[PDB]
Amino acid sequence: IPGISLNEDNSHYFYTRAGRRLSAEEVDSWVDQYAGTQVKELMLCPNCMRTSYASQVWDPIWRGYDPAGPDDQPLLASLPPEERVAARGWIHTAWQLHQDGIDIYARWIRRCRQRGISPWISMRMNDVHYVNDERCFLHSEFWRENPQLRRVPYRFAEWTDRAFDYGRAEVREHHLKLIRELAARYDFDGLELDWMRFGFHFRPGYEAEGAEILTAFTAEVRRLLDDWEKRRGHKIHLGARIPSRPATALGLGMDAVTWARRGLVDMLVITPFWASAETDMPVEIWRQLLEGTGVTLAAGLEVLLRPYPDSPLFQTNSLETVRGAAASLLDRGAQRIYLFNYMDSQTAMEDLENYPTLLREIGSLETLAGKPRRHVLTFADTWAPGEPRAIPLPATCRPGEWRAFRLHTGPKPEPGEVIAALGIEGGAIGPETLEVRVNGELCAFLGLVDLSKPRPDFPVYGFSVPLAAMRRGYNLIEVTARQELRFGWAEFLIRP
């Protein structure tokens, strides 16, 4: 019953359908794949620094576009010729829809409502893709002309260094301009402020004043949508993406409990940025923080599943790793599972044959029950400036030393098999090199496990877990090694 909130990004549909002359009929068909599933809400993202629709207050993606011209035109000049082709696909497809008198977002919305989906607009508040290229096609002229409006003038070590500083009146006005336009143009059920594109909105050190500013911003947005409620004659929701732990959220100027208690938002999505889905997020704590506010708390997944920040693997979640994260977060009280980067092609799970199943299963413990699942140890990609970072992997165990890993496996397993699986880096073990316990109980050595992808490029050793040992929620792997070892991977595989 909690269900699925699914984010469709600003660029995907225009990139993947480039070169077909899209009919209103085909545009509508995109909403159909999500109909009759556990999907309750599609969050349709129309923007980055530029809009994918023909905006009158902001730059459409095709501003500067010579549609008859060659790939090497001023708008695309700054990309390598190969990347001009990909980018021109997004730009041209978007442009050609506007010329055909097709407003893709008014169409998708209309169609969502026939097919029993609540349609949302999700706004990227501070996208900074490719800001290392000040000539890039997808930056706004406002950004290009106002370097003084950026977060970090003294260094460029990351893209967020060039993000807009919302400590500026001109920056808030610039994004309130697009919100004012989206509310007037589209009759949506809700607006999602996606603060997590890219998460960083203030001068380093100013995040306190930042919190006050983003609360006063959200209140002004709530007060705008209250006027549209009258003009439309139905409730319009306001929701927000925010980081996965409450110290990080407030430390990045997002005091969400305040937003919540002031009825400024009615939905919050705790999520990582990108680098990996978090399989472990403190939902129980967020629920206590939000008690009596009537906000719906959603646990946000990302498509990547990676063991540690410096890992060279860039594989995505599978149906089994997503039922793993789903089971867990629902168990911990998630009122929605929110999918970001799980689209129908290109940016998507690699086991794309399983997408129809996924959208029919991960929105409920009922439909996850008695299905194979994988609970993988990952990491939080996002931390406030100077905030101590808690990263479990990789983990070194010296001879005679103990290391514990807690993994959230949500509902107590059904009758069947449980494996605790540990990958070892550095090119090794025998059956006794590791002593492994789960919740104190000795686990049998199984041998080398042949994982399905997502999997590491190093040996994964399996240990059979007494079923009785496994608990609701966190389950604790403890290991000791008789040889020095580095762990780069840890998961529970549960096979009812």
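Counting begins at 1, following the sequence as shown.
- Legend: mean Cα B-factor per stretch from the PDB entry, 312 to 320 versus 193 to 201; the higher mean is in 312 to 320.
- Relative to its counterpart among 432 to 440 and 22 to 30, 22 to 30 has the higher mean temperature factor, C-alpha atoms as listed in the PDB entry.
- Of the residues listed, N132, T160, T93, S78, the entry assigns the biggest Cα temperature factor to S78.
- Considering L377, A219, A395, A249 together, the PDB entry gives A219 the largest C-alpha B factor.
- Per-chain ranking of the deposited C-alpha B factor places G300 in the lowest third.
- Ranked by C-alpha B-factor against the other modelled residues of its chain, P70 falls in the highest third.
- Remark: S118 belongs to the highest third of its chain, ranked by C-alpha B-factor as recorded.
- Annotation for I1: C-alpha temperature factor in the highest third relative to the rest of the modelled chain, per the entry.
- Ranked by C-alpha B-factor against the other modelled residues of its chain, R360 falls in the highest third.
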